[PDB]
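Presented below, as C-alpha cells, is a lone chain in the form deposited in one PDB entry.
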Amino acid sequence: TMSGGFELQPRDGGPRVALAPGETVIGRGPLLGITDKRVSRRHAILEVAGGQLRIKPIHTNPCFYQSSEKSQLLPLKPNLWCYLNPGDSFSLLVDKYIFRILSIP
C-alpha cells in the first residue's frame, strides 16, 4: 500500500518499517521480522488515520508504551487504543521488540 507517513524504528537497531494508511496487524511474522513464541501473530493493531498513529493491544500478552519525554515502558490497558506521537516508543515484550515512532512524508 501507500506511505502512511509513519515509520517504526527498532530501538535495538536495524531497518525502519514503513506503515500504510489504515489498520495493520502486528506481532510475529515477516513485517517486523519477529519469530518468537512469546509474541502472537495477532499481538496488536496499529492504525494510521488523520495524521495520527494509534495502537490497540489485542492479545493476552501485553503491549508497552513509553512517552517520548519519559524513561519507562509501561504496560498498556488491553483492547483499548493509545495514540503514539512521533518520538514515543511501544514494544511487544517488556524489554524486546521496542520501536520508536518517526513521522515521514
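When you see a residue number, it is the position in the sequence shown, counting from 1.
The next section is about a form of this same protein that is not shown, the form solved in complex with a partner chain.
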| query | finding |
| --- | --- |
| Contact assignment for the partner chain in the deposited bound form, among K70, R41, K77, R54, heavy atom within 4.5 Å | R41 |
| Residue contact check: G50 to the partner chain in the deposited bound form, 4.5 Å heavy atom | no |
| Proximity of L46 to the partner chain in the deposited bound form, heavy atoms at 4.5 Å | no |
